[PDB]
Amino acid sequence: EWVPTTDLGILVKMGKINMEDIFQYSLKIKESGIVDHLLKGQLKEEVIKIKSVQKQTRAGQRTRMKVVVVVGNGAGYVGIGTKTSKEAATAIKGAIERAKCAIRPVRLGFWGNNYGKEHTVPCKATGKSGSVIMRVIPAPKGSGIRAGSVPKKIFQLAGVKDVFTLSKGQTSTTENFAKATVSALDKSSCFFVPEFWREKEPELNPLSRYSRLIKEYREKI
Amino acid sequence: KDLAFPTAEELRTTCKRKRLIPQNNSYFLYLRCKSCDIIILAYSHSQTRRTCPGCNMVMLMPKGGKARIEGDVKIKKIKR
Amino acid sequence: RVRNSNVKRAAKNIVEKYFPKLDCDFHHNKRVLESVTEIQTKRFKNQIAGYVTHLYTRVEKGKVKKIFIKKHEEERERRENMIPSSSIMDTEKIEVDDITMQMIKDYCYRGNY
Amino acid sequence: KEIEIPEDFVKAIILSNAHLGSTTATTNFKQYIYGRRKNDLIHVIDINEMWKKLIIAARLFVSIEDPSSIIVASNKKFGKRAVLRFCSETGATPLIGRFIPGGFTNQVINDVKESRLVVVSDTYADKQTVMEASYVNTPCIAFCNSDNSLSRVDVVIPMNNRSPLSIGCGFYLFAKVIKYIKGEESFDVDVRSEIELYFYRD
Amino acid sequence: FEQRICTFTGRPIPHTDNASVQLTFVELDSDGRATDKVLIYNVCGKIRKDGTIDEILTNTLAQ
Amino acid sequence: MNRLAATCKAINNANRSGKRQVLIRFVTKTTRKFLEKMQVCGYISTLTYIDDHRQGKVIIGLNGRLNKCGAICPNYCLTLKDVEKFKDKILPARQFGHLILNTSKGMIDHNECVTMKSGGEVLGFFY
Amino acid sequence: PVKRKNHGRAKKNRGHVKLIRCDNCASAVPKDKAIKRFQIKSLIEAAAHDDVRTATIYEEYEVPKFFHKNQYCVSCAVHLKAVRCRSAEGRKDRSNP
RNA sequence: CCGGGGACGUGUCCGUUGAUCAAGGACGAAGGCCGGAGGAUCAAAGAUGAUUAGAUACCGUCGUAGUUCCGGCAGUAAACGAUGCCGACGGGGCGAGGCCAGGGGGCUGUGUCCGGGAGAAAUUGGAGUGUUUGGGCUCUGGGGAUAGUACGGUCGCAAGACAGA
Ligand SMILES: [Mg+2]
Ligand SMILES: [Mg+2]
Ligand SMILES: [Mg+2]
Ligand SMILES: [Mg+2]
Ligand SMILES: [Mg+2]
Ligand SMILES: [Mg+2]
Ligand SMILES: [Zn+2]
Ligand SMILES: [Zn+2]
């Protein structure tokens with residue numbers, strides 16, 4: 001069992017907030033056990049790259065393994081995190097909880113028309129990490145994920161099914177090539193389209209809406 | 001702050017060409033010599049000496065911008 | 001010699017928890033320390049009880065900004081309650097400089113340069 | 001309508017030298033300036049603009065359900081009792097001295113509560129808190145001087161913080177409007193005895 | 001999926017922005033007391049760090 | 001410079017800066033109908049020309065729903081079957097966006113030239 | 001990379017600054033790049049000032065100052081320690097103490 | 001003395017006369033070359049005295065070309081901001097420019113500091129407004145080395161230069 005020290009996980013353990021309305025009001029997920037509680041069924045961890053970094057000290061090269069991992073549900077949510085540690089299995093479970101803290105929603109869209117369920121990225125966007133430019137392009141249905149091996153693993157966990165991609169720069173740098181491809185999905189999802197031109201009246205955010213309700217849960221313990 | 005309606009405070013600060021409508025800082029005027037009954041007329045940013053013809057004194061001398069007026073002269077702007 | 005954090009953080013806790021039972025003389029200050037703690041080796045008692053006296057000398061002057069003692073804020077709040085010579089009564093026909101009065105021309109009183 | 005300043009309250013801020021603003025003003029501050037003293041080269045702050053930013057700050061303060069969630073901070077020792085007399089009165093959590101960085105982000109430390117608002121005495125003196133608040137989606141009211149920076153500050157209260165009485169007057173008046181917003185106490189406060197607790201006397 | 005439109009810019013608030021702040025303001029009575037209803041305000045990240053969030057919120061709440 | 005491309009860049013600078021009005025120091029005949037076409041799709045709210053007997057002045061109110069406006073120089077001769085390929089380059093998605101052609105029916109949108117059976121010269125875009 | 005924003009010298013909006021000779025090395029350094037230390041000290045050193053009071057003809061004699069502009073090239077200025085070893089962020093200091 | 005120059009100021013004139021450039025032309029530090037004049041200092045070359053394992057160098061001394069001027073050639077530099085020109089737009093602060101205004105002002109130069117944006121990063125008011133990629137125009141680059149070398153060409157008294165595998 002996990003004890004939700006964070007205030008948002010208090011409302012998550014109480015089931016006050018769904019997954020989709022965390023990112024509605026832009027509340028930072030401090031603790032990783034929030035989203036594994038919400039996505040207890042579907043959450044797949046997939047290791048992108050294990051590589052070993054070194055610093056030369058006085059005696060010998062201090063070598064440590066640096067892993068970069070991607071987590072995601074079946075469709076809609078994806079995150080990436082990286083941790084470097086002395087032994088790789090310590091680094092992976094540290095990277096996974098960092099990825100779970102950094103899950104972002106990916107809005108999917110329709111390529112041409114609104115029939116069926118959504119399958120592709122909604123707009124054309126570009127994620128740019130250091131010197132790696134990944135550009136996602138909406139693809140018609142059945143086209144599949146047209147990408148390299150590392151973005152396709154992110155694209156599978158993000159739940160897109162048809163995408164055309166373009167890359168520039170040093171895509172062998174796979175931490176940058178993974179950080180760019182989620183940044184495109186980050187940017188294509190919050191592209192401001194005429195479907196969302198409709199102004200909604202703003203709503204009170206749930207952590208200050210349930211601001212009375214959280215303090216008794218600490219007073220219970 | 002509205003760009004289509006610039007306040008009268010900001011218009012005199014900004015450049016004459018950079019206003020919403022290009023507005024002159026110059027004008028014309030009348031110079032009144034005391035020994036002399038006529039009123040010689042001249043430009044504000046004048047580039048020529050102006051002297052009252054009879055009872056000959058020098059009214060304004062040209063300068064870098066506005067012409068500086070010499071001696072005892074009453075000036076009146078001319079706008080209408 | 002220089003004490004370490006195993007001694008200093010210890011001796012900080014002794015003077016903080018048990019201040020009134022202490023005194024400036026070291027041998028009495030050690031005699032409380034066997035009575036009130038459990039420290040195994042007799043040299044390391046003298047390491048701690050020595051620095052307790054080096055603390056209790058400067059906490060008698062009240063110099064340390066960290067530790068906090070129940071007697072030392074109730075004496076402080078007597079010092080805090082100054083018999084107030086607030087200048088709101090001491091200033092009569094307030095001299096405000098030439099441009100400072102002009103900003104208060106809507107609702108004004110006590111006009112002086 | 002607009003709430004009018006008491007002659008009692010405006011009596012305080014002139015001898016607080018809160019309108020004695022600073023020698024320099026930024027273009028973000030010029031709307032808070034009626035004029036500047038041509039003698040001392042000191043910008044004199046608008047009191048009417050100062051008072052209405054106080055009531056917006058009071059409006060923003062009470063809007064949270066619990067005032068104890070609000071973590072008010074002051075780096076300097078001038079406002080040590082100005083925040084101590086504040087939090088006994090308003091029922092908020094005080095932060096005095098050096099704000100330990102990571103105080104809102106690092107979850108290994110649980111000294112205070114997760115903030116839903118912070119208000120600081122000075123963005124120059126508490127640049128660490130106003131940055132750390134922006135990492136956790138937390139609003140920031142600030143008392144801000146004429147020379148001071150105002151980035152990552154939601155509500156600027158244009159007032160001086162370089163006098164010992166000045167933040168003592170400002171934290172007093174911000175406590176005065178708060179219970180006036182709740183209707184807990186009107187302006188019938190008799191400042192003869194109250195504001196001196198906020199004052200820094202030593 | 002829905003994203004918060006910032007009130008002052010009119011732009012959507014960017015994806016997972018920490019500087020983005022929820023702003024709550026109670027409506028004010030005629031005598032100056034608090035009321036139960038609340039103005040709810042959405043603020044983009046970059047307009048805070050520019051420092052331009054102050055002067056816009058002055059004129060919006062002056063209305 | 002090019003007065004259309006200078007107009008589109010100066011709009012984008014004010015748009016990215018969250019400004020609500022942009023004063024542009026010049027109007028032409030082609031950027032008048034470009035901003036009026038930008039208005040009817042709701043991308044810009046308040047449009048006011050100013051006749052100062054020189055180049056011109058237009059003050060564009062920024063609606064907040066303009067991602068980017070641009071100008072395509074040189075104005076490529078495009079047939080009917082090419083503008084469907086050209087809109088795929090320029091616009092982000094098929095569901096929205098406006099590619100503007102200077103065809104014989106008028107300065108019109110890429111959706112309309114499909115309807116009006118027109119080609120013409122590509123001027124710019126917005127979305 | 002570019003180590004200094006001014007490239008070591010104070011030359012801006014010039015093409016050419018005339019060279020001067022180093023006071024220690026006789027190197028040809030431009031007047032802008034050259035380290036210049038204007039020293040104004042007394043002619044008689046301060047140890048001997050009591051001995052000149054006993055020896056002056058004049059009541060209230062003021063010992064004259066010595067005026068010299070030491071102009072050093074870069075190589076000898078660090079060797080004569082006219083310029084102090086500073087950090088990379090310490091390089092951007094410009095004020096004298 | 002003759003000549004030039006930009007900025008500012010202006011109800012002065014003309015009215016699109018413009019921007020950028022193959023070709024072409026002019027200028028172009030130092031060193032160099034030619035003819036003439038001159039020659040104090042310094043000083044390639046050269047000569048020495050030392051240093052050194054050696055020392056054709058660094059150090060000392062001397063010394064010619066040269067450094068200087070006039071007429072010409074040459075046409076190169078880390079000729080650098082290692083950043084083409086023109087144009088639109090874009091944050092604050094501080095400075096010691098010039099002109100104007102007299103209302104912490106405007107134009108135009110010029111540095112600087114902090115941010116924004118950009119960038120592989122150093123950094124950067126352009127190296128920003130770039131995959132949401134299109135302002136015009138000119139030039140250049142396409143892994144290293146061969147090599148800025150050879151051949152052919154043009155220019156030069158020559159040195160060599162341009163160009164260029
Ligand atoms: Mg040069
Ligand atoms: Mg020469
Ligand atoms: Mg020569
Ligand atoms: Mg000769
Ligand atoms: Mg010699
Ligand atoms: Mg040849
Ligand atoms: Zn006369
Ligand atoms: Zn030297």
# chains A, B, ... in the order shown; residues from 1 in each chain; ligands from 1

call {"tool": "residues_around", "arguments": {"residues": "residue 50 in chain C", "least_positions_apart": "2", "cutoff": "12 Å", "atoms": "only C-alpha atoms (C1' of nucleotides)", "output": "PDB file with N, CA, C and O atoms, in the first residue's frame"}}
result
ATOM      1  N   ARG C   1      41.088  21.138  20.575  1.00  0.00           N
ATOM      2  CA  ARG C   1      40.743  20.538  19.295  1.00  0.00           C
ATOM      3  C   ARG C   1      39.331  20.918  18.896  1.00  0.00           C
ATOM      4  O   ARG C   1      38.600  21.512  19.682  1.00  0.00           O
ATOM      5  N   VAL C   2      38.949  20.563  17.674  1.00  0.00           N
ATOM      6  CA  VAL C   2      37.666  20.947  17.101  1.00  0.00           C
ATOM      7  C   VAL C   2      36.698  19.796  17.297  1.00  0.00           C
ATOM      8  O   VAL C   2      36.982  18.662  16.897  1.00  0.00           O
ATOM      9  N   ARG C   3      35.559  20.084  17.911  1.00  0.00           N
ATOM     10  CA  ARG C   3      34.505  19.100  18.058  1.00  0.00           C
ATOM     11  C   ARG C   3      33.832  18.851  16.714  1.00  0.00           C
ATOM     12  O   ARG C   3      33.951  19.643  15.780  1.00  0.00           O
ATOM     13  N   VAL C   7      29.321  15.599  18.290  1.00  0.00           N
ATOM     14  CA  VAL C   7      29.352  16.240  19.598  1.00  0.00           C
ATOM     15  C   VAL C   7      28.491  17.489  19.616  1.00  0.00           C
ATOM     16  O   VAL C   7      27.708  17.699  20.545  1.00  0.00           O
ATOM     17  N   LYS C   8      28.613  18.322  18.581  1.00  0.00           N
ATOM     18  CA  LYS C   8      27.985  19.637  18.606  1.00  0.00           C
ATOM     19  C   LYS C   8      26.473  19.543  18.489  1.00  0.00           C
ATOM     20  O   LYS C   8      25.753  20.250  19.198  1.00  0.00           O
ATOM     21  N   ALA C  10      24.822  16.983  19.394  1.00  0.00           N
ATOM     22  CA  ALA C  10      24.445  16.392  20.668  1.00  0.00           C
ATOM     23  C   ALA C  10      24.347  17.454  21.749  1.00  0.00           C
ATOM     24  O   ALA C  10      23.316  17.580  22.416  1.00  0.00           O
ATOM     25  N   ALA C  11      25.411  18.245  21.914  1.00  0.00           N
ATOM     26  CA  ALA C  11      25.455  19.254  22.965  1.00  0.00           C
ATOM     27  C   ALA C  11      24.465  20.378  22.719  1.00  0.00           C
ATOM     28  O   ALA C  11      24.033  21.033  23.671  1.00  0.00           O
ATOM     29  N   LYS C  12      24.108  20.621  21.456  1.00  0.00           N
ATOM     30  CA  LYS C  12      23.027  21.553  21.159  1.00  0.00           C
ATOM     31  C   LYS C  12      21.702  21.028  21.687  1.00  0.00           C
ATOM     32  O   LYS C  12      20.892  21.798  22.203  1.00  0.00           O
ATOM     33  N   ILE C  14      21.323  19.013  24.273  1.00  0.00           N
ATOM     34  CA  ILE C  14      21.330  18.939  25.732  1.00  0.00           C
ATOM     35  C   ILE C  14      20.979  20.291  26.334  1.00  0.00           C
ATOM     36  O   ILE C  14      20.165  20.389  27.258  1.00  0.00           O
ATOM     37  N   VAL C  15      21.579  21.354  25.802  1.00  0.00           N
ATOM     38  CA  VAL C  15      21.292  22.694  26.296  1.00  0.00           C
ATOM     39  C   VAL C  15      19.890  23.123  25.876  1.00  0.00           C
ATOM     40  O   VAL C  15      19.238  23.912  26.565  1.00  0.00           O
ATOM     41  N   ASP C  23      24.386  24.660  34.527  1.00  0.00           N
ATOM     42  CA  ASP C  23      25.073  25.749  35.203  1.00  0.00           C
ATOM     43  C   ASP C  23      26.413  25.976  34.524  1.00  0.00           C
ATOM     44  O   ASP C  23      26.853  25.182  33.692  1.00  0.00           O
ATOM     45  N   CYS C  24      27.064  27.080  34.890  1.00  0.00           N
ATOM     46  CA  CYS C  24      28.285  27.475  34.202  1.00  0.00           C
ATOM     47  C   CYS C  24      29.482  26.619  34.604  1.00  0.00           C
ATOM     48  O   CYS C  24      30.446  26.522  33.840  1.00  0.00           O
ATOM     49  N   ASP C  25      29.451  25.995  35.782  1.00  0.00           N
ATOM     50  CA  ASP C  25      30.556  25.134  36.189  1.00  0.00           C
ATOM     51  C   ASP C  25      30.478  23.774  35.505  1.00  0.00           C
ATOM     52  O   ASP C  25      29.407  23.178  35.404  1.00  0.00           O
ATOM     53  N   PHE C  26      31.624  23.291  35.028  1.00  0.00           N
ATOM     54  CA  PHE C  26      31.654  22.133  34.141  1.00  0.00           C
ATOM     55  C   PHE C  26      31.355  20.836  34.869  1.00  0.00           C
ATOM     56  O   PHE C  26      30.680  19.959  34.322  1.00  0.00           O
ATOM     57  N   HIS C  27      31.867  20.688  36.087  1.00  0.00           N
ATOM     58  CA  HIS C  27      31.725  19.425  36.796  1.00  0.00           C
ATOM     59  C   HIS C  27      30.291  19.187  37.249  1.00  0.00           C
ATOM     60  O   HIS C  27      29.812  18.047  37.244  1.00  0.00           O
ATOM     61  N   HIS C  28      29.587  20.246  37.643  1.00  0.00           N
ATOM     62  CA  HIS C  28      28.148  20.116  37.839  1.00  0.00           C
ATOM     63  C   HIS C  28      27.449  19.858  36.519  1.00  0.00           C
ATOM     64  O   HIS C  28      26.482  19.092  36.458  1.00  0.00           O
ATOM     65  N   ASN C  29      27.934  20.489  35.451  1.00  0.00           N
ATOM     66  CA  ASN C  29      27.333  20.330  34.133  1.00  0.00           C
ATOM     67  C   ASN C  29      27.557  18.935  33.574  1.00  0.00           C
ATOM     68  O   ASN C  29      26.816  18.501  32.689  1.00  0.00           O
ATOM     69  N   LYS C  30      28.596  18.240  34.031  1.00  0.00           N
ATOM     70  CA  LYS C  30      28.746  16.846  33.641  1.00  0.00           C
ATOM     71  C   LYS C  30      27.880  15.943  34.502  1.00  0.00           C
ATOM     72  O   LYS C  30      27.393  14.909  34.033  1.00  0.00           O
ATOM     73  N   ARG C  31      27.666  16.327  35.762  1.00  0.00           N
ATOM     74  CA  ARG C  31      26.924  15.483  36.693  1.00  0.00           C
ATOM     75  C   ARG C  31      25.458  15.373  36.306  1.00  0.00           C
ATOM     76  O   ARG C  31      24.802  14.377  36.622  1.00  0.00           O
ATOM     77  N   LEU C  33      24.691  15.205  33.209  1.00  0.00           N
ATOM     78  CA  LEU C  33      24.691  14.527  31.925  1.00  0.00           C
ATOM     79  C   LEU C  33      24.668  13.009  32.076  1.00  0.00           C
ATOM     80  O   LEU C  33      24.066  12.320  31.248  1.00  0.00           O
ATOM     81  N   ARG C  43      35.328   9.482  28.127  1.00  0.00           N
ATOM     82  CA  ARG C  43      35.943  10.581  27.398  1.00  0.00           C
ATOM     83  C   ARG C  43      34.899  11.333  26.594  1.00  0.00           C
ATOM     84  O   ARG C  43      34.877  12.567  26.591  1.00  0.00           O
ATOM     85  N   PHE C  44      33.992  10.598  25.957  1.00  0.00           N
ATOM     86  CA  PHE C  44      32.992  11.213  25.098  1.00  0.00           C
ATOM     87  C   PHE C  44      31.921  11.938  25.899  1.00  0.00           C
ATOM     88  O   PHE C  44      31.232  12.807  25.357  1.00  0.00           O
ATOM     89  N   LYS C  45      31.753  11.597  27.179  1.00  0.00           N
ATOM     90  CA  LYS C  45      30.977  12.461  28.063  1.00  0.00           C
ATOM     91  C   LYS C  45      31.654  13.810  28.216  1.00  0.00           C
ATOM     92  O   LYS C  45      31.005  14.856  28.125  1.00  0.00           O
ATOM     93  N   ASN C  46      32.969  13.802  28.438  1.00  0.00           N
ATOM     94  CA  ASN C  46      33.713  15.043  28.600  1.00  0.00           C
ATOM     95  C   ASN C  46      33.777  15.848  27.318  1.00  0.00           C
ATOM     96  O   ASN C  46      33.936  17.069  27.382  1.00  0.00           O
ATOM     97  N   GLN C  47      33.674  15.193  26.162  1.00  0.00           N
ATOM     98  CA  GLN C  47      33.571  15.923  24.906  1.00  0.00           C
ATOM     99  C   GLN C  47      32.252  16.672  24.840  1.00  0.00           C
ATOM    100  O   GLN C  47      32.204  17.837  24.436  1.00  0.00           O
ATOM    101  N   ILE C  48      31.173  16.016  25.253  1.00  0.00           N
ATOM    102  CA  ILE C  48      29.855  16.623  25.163  1.00  0.00           C
ATOM    103  C   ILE C  48      29.671  17.667  26.250  1.00  0.00           C
ATOM    104  O   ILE C  48      29.345  18.820  25.958  1.00  0.00           O
ATOM    105  N   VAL C  52      28.823  21.636  26.141  1.00  0.00           N
ATOM    106  CA  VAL C  52      27.624  22.160  26.782  1.00  0.00           C
ATOM    107  C   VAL C  52      27.961  23.409  27.578  1.00  0.00           C
ATOM    108  O   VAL C  52      27.253  24.421  27.503  1.00  0.00           O
ATOM    109  N   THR C  53      29.072  23.377  28.313  1.00  0.00           N
ATOM    110  CA  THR C  53      29.518  24.566  29.025  1.00  0.00           C
ATOM    111  C   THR C  53      29.972  25.654  28.073  1.00  0.00           C
ATOM    112  O   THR C  53      29.789  26.839  28.361  1.00  0.00           O
ATOM    113  N   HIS C  54      30.555  25.280  26.936  1.00  0.00           N
ATOM    114  CA  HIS C  54      30.889  26.298  25.953  1.00  0.00           C
ATOM    115  C   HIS C  54      29.648  26.820  25.260  1.00  0.00           C
ATOM    116  O   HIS C  54      29.672  27.920  24.705  1.00  0.00           O
ATOM    117  N   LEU C  55      28.561  26.055  25.265  1.00  0.00           N
ATOM    118  CA  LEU C  55      27.311  26.629  24.796  1.00  0.00           C
ATOM    119  C   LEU C  55      26.650  27.461  25.882  1.00  0.00           C
ATOM    120  O   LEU C  55      26.293  28.612  25.631  1.00  0.00           O
ATOM    121  N   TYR C  56      26.564  26.930  27.108  1.00  0.00           N
ATOM    122  CA  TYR C  56      25.811  27.588  28.177  1.00  0.00           C
ATOM    123  C   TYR C  56      26.423  28.927  28.574  1.00  0.00           C
ATOM    124  O   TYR C  56      25.728  29.784  29.126  1.00  0.00           O
ATOM    125  N   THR C  57      27.706  29.134  28.283  1.00  0.00           N
ATOM    126  CA  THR C  57      28.300  30.445  28.498  1.00  0.00           C
ATOM    127  C   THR C  57      27.760  31.467  27.505  1.00  0.00           C
ATOM    128  O   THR C  57      27.409  32.586  27.890  1.00  0.00           O
TER     129      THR C  57
END

call {"tool": "residues_around", "arguments": {"residues": "residue 38 in chain F", "least_positions_apart": "2", "cutoff": "12 Å", "atoms": "only C-alpha atoms (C1' of nucleotides)", "output": "PyMOL selection string"}}
result
chain F and resi 8+11+31-36+40-47+60-63+65-66+68-70+97-100+107-109+124-127

call {"tool": "write_last_selection", "arguments": {"atoms": "N, CA and C atoms", "output": "mmCIF file, in the first residue's frame"}}
result
data_model
loop_
_atom_site.group_PDB
_atom_site.id
_atom_site.type_symbol
_atom_site.label_atom_id
_atom_site.label_comp_id
_atom_site.auth_asym_id
_atom_site.auth_seq_id
_atom_site.Cartn_x
_atom_site.Cartn_y
_atom_site.Cartn_z
ATOM 1 N N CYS F 8 3.039 40.255 -42.282
ATOM 2 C CA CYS F 8 2.808 38.975 -41.632
ATOM 3 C C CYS F 8 3.817 38.722 -40.525
ATOM 4 N N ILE F 11 2.865 41.020 -37.572
ATOM 5 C CA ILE F 11 1.697 40.493 -36.876
ATOM 6 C C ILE F 11 2.102 39.347 -35.970
ATOM 7 N N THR F 31 -2.359 43.741 -49.165
ATOM 8 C CA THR F 31 -2.477 43.398 -47.761
ATOM 9 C C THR F 31 -3.771 43.909 -47.163
ATOM 10 N N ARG F 32 -4.487 44.774 -47.878
ATOM 11 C CA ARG F 32 -5.819 45.160 -47.444
ATOM 12 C C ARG F 32 -6.775 43.989 -47.564
ATOM 13 N N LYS F 33 -6.828 43.372 -48.742
ATOM 14 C CA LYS F 33 -7.687 42.211 -48.912
ATOM 15 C C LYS F 33 -7.139 40.985 -48.199
ATOM 16 N N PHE F 34 -5.860 40.988 -47.832
ATOM 17 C CA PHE F 34 -5.337 39.873 -47.055
ATOM 18 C C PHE F 34 -5.820 39.935 -45.621
ATOM 19 N N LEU F 35 -5.861 41.127 -45.042
ATOM 20 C CA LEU F 35 -6.344 41.242 -43.677
ATOM 21 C C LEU F 35 -7.855 41.178 -43.608
ATOM 22 N N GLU F 36 -8.539 41.625 -44.656
ATOM 23 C CA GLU F 36 -9.987 41.502 -44.676
ATOM 24 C C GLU F 36 -10.404 40.050 -44.824
ATOM 25 N N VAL F 40 -12.652 37.766 -41.963
ATOM 26 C CA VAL F 40 -13.918 37.059 -42.155
ATOM 27 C C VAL F 40 -13.829 35.628 -41.644
ATOM 28 N N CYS F 41 -12.618 35.088 -41.536
ATOM 29 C CA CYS F 41 -12.465 33.811 -40.861
ATOM 30 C C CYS F 41 -12.242 33.972 -39.371
ATOM 31 N N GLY F 42 -12.386 35.177 -38.840
ATOM 32 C CA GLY F 42 -12.342 35.383 -37.414
ATOM 33 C C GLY F 42 -10.962 35.382 -36.816
ATOM 34 N N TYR F 43 -9.916 35.335 -37.638
ATOM 35 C CA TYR F 43 -8.568 35.225 -37.098
ATOM 36 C C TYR F 43 -8.092 36.542 -36.502
ATOM 37 N N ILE F 44 -8.576 37.670 -37.016
ATOM 38 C CA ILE F 44 -8.306 38.971 -36.416
ATOM 39 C C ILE F 44 -9.628 39.680 -36.172
ATOM 40 N N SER F 45 -9.732 40.358 -35.031
ATOM 41 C CA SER F 45 -11.012 40.938 -34.647
ATOM 42 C C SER F 45 -11.217 42.317 -35.256
ATOM 43 N N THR F 46 -10.425 43.297 -34.837
ATOM 44 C CA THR F 46 -10.729 44.691 -35.126
ATOM 45 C C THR F 46 -9.698 45.248 -36.085
ATOM 46 N N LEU F 47 -10.179 45.764 -37.204
ATOM 47 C CA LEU F 47 -9.344 46.150 -38.324
ATOM 48 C C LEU F 47 -9.680 47.588 -38.672
ATOM 49 N N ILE F 60 -4.358 46.347 -36.342
ATOM 50 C CA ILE F 60 -5.027 45.057 -36.361
ATOM 51 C C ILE F 60 -5.219 44.607 -34.931
ATOM 52 N N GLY F 61 -6.466 44.364 -34.551
ATOM 53 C CA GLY F 61 -6.750 43.737 -33.281
ATOM 54 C C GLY F 61 -6.516 42.241 -33.389
ATOM 55 N N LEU F 62 -5.805 41.699 -32.412
ATOM 56 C CA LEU F 62 -5.426 40.298 -32.437
ATOM 57 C C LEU F 62 -6.417 39.501 -31.607
ATOM 58 N N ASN F 63 -7.058 38.531 -32.247
ATOM 59 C CA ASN F 63 -8.167 37.830 -31.621
ATOM 60 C C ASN F 63 -7.671 36.832 -30.590
ATOM 61 N N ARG F 65 -6.689 33.806 -31.640
ATOM 62 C CA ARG F 65 -6.815 32.512 -32.294
ATOM 63 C C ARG F 65 -5.995 32.412 -33.569
ATOM 64 N N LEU F 66 -4.955 33.216 -33.708
ATOM 65 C CA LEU F 66 -4.072 33.163 -34.865
ATOM 66 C C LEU F 66 -2.772 32.500 -34.445
ATOM 67 N N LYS F 68 -0.240 31.513 -36.689
ATOM 68 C CA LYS F 68 0.807 32.072 -37.524
ATOM 69 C C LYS F 68 0.188 32.523 -38.829
ATOM 70 N N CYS F 69 0.581 33.702 -39.284
ATOM 71 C CA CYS F 69 0.264 34.139 -40.629
ATOM 72 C C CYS F 69 1.566 34.402 -41.357
ATOM 73 N N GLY F 70 1.569 34.115 -42.650
ATOM 74 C CA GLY F 70 2.787 34.221 -43.421
ATOM 75 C C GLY F 70 2.481 34.675 -44.825
ATOM 76 N N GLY F 97 -7.143 25.867 -41.400
ATOM 77 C CA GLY F 97 -6.085 26.565 -42.096
ATOM 78 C C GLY F 97 -6.588 27.187 -43.373
ATOM 79 N N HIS F 98 -5.976 28.279 -43.808
ATOM 80 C CA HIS F 98 -6.382 28.956 -45.029
ATOM 81 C C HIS F 98 -5.173 29.285 -45.882
ATOM 82 N N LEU F 99 -5.118 28.720 -47.081
ATOM 83 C CA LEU F 99 -4.115 29.073 -48.073
ATOM 84 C C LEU F 99 -4.761 29.990 -49.092
ATOM 85 N N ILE F 100 -4.155 31.145 -49.319
ATOM 86 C CA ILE F 100 -4.798 32.227 -50.043
ATOM 87 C C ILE F 100 -4.157 32.404 -51.409
ATOM 88 N N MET F 107 -9.024 37.521 -54.509
ATOM 89 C CA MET F 107 -8.119 36.968 -53.517
ATOM 90 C C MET F 107 -8.904 36.028 -52.617
ATOM 91 N N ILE F 108 -8.804 34.721 -52.873
ATOM 92 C CA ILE F 108 -9.705 33.756 -52.258
ATOM 93 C C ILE F 108 -8.919 32.643 -51.584
ATOM 94 N N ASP F 109 -9.665 31.819 -50.868
ATOM 95 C CA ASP F 109 -9.162 30.737 -50.043
ATOM 96 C C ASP F 109 -9.038 29.450 -50.853
ATOM 97 N N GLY F 124 -0.217 34.001 -49.399
ATOM 98 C CA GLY F 124 0.215 33.706 -48.060
ATOM 99 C C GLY F 124 -0.690 32.694 -47.409
ATOM 100 N N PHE F 125 -0.775 32.735 -46.085
ATOM 101 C CA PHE F 125 -1.554 31.762 -45.340
ATOM 102 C C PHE F 125 -1.805 32.293 -43.945
ATOM 103 N N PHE F 126 -2.745 31.661 -43.251
ATOM 104 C CA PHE F 126 -2.844 31.780 -41.806
ATOM 105 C C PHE F 126 -3.553 30.561 -41.247
ATOM 106 N N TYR F 127 -3.264 30.240 -39.992
ATOM 107 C CA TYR F 127 -3.998 29.201 -39.281
ATOM 108 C C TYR F 127 -3.942 29.402 -37.776
#

call {"tool": "residues_around", "arguments": {"residues": "residue 146 in chain D", "least_positions_apart": "6", "cutoff": "7 Å", "atoms": "only C-alpha atoms (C1' of nucleotides)", "output": "VMD selection string"}}
result
chain D and resid 21 to 22 24 to 26 29

call {"tool": "residues_near_ligand", "arguments": {"ligand": "ligand 5", "cutoff": "10 Å", "atoms": "only C-alpha atoms (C1' of nucleotides) and all ligand atoms", "output": "VMD selection string"}}
result
chain H and resid 41 to 43 61 to 63

call {"tool": "closest_atom_pairs", "arguments": {"of": "chain E", "to": "chain B", "cutoff": "12 Å", "atoms": "only C-alpha atoms", "output": "CSV"}}
result
residue,atom,partner,partner_atom,distance
E:55,CA,B:1,CA,10.9
E:56,CA,B:1,CA,10.3
E:59,CA,B:1,CA,9.8
